[PDB]
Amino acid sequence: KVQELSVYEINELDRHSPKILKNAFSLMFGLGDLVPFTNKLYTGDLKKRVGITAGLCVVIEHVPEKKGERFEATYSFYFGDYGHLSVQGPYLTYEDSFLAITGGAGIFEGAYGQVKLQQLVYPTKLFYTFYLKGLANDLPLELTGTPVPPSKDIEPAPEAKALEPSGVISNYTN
């Protein structure tokens, strides 16, 4: 029994993120470089600010033939009063990936399955579709609005950007 939940992760450059901790003996990213990060999170339909992403990217290797990096990522997605989802897996700057859903809290207690990561604009816009199993209830309607198809040009609704009650969930994470 799968419930799809899609969200847009956007770096609006106002959270001091990403923070690069440089250790690799390379001008390029390399093993040793650690990247704590936190970006804003919006609903799949771009109408509401829900919260944030928060966690750690561990650089694994630069991939020169793909013109990108492989990170191993451990982080959570915060949904204001509703709770959160946690993930572990590959973040490849150069292609879509699937991460494991390691669990959740709140309405996400019991969550499991995988989530597809699509990078739209490096590094500032990402789109995700969680294929959620194990939820106690149907997801709230304000989170399951039909998603905006992902494109380079997507923007949150101005109400969501401006943090108006119509453009946020209750206690949205910040």
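In this text, the rigid core denotes the largest set of C-alpha atoms whose superposition between the two forms falls within 1.5 Å. A residue's number is simply how far along the shown sequence it sits, counting from 1.
- Core-fitted comparison in 6 other deposited structures of this protein shows that, between 54 to 62 and 22 to 30, the CA atoms farther from the shown form belong to 22 to 30.
- Mean C-alpha B-factor is higher over 86 to 94 than over the other stretch, the pair under comparison being 86 to 94 and 70 to 78.
- Per-stretch averaging of Cα B factors for 146 to 154 and 8 to 16 places 146 to 154 on top.
- Within the group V35, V121, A105, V115, the record's highest C-alpha temperature factor is found at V121.
- Sorting the modelled residues of the chain by their CA temperature factor places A24 in the middle third.
- Looking at the C-alpha B-factors along this chain, the one for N137 belongs to the highest third.
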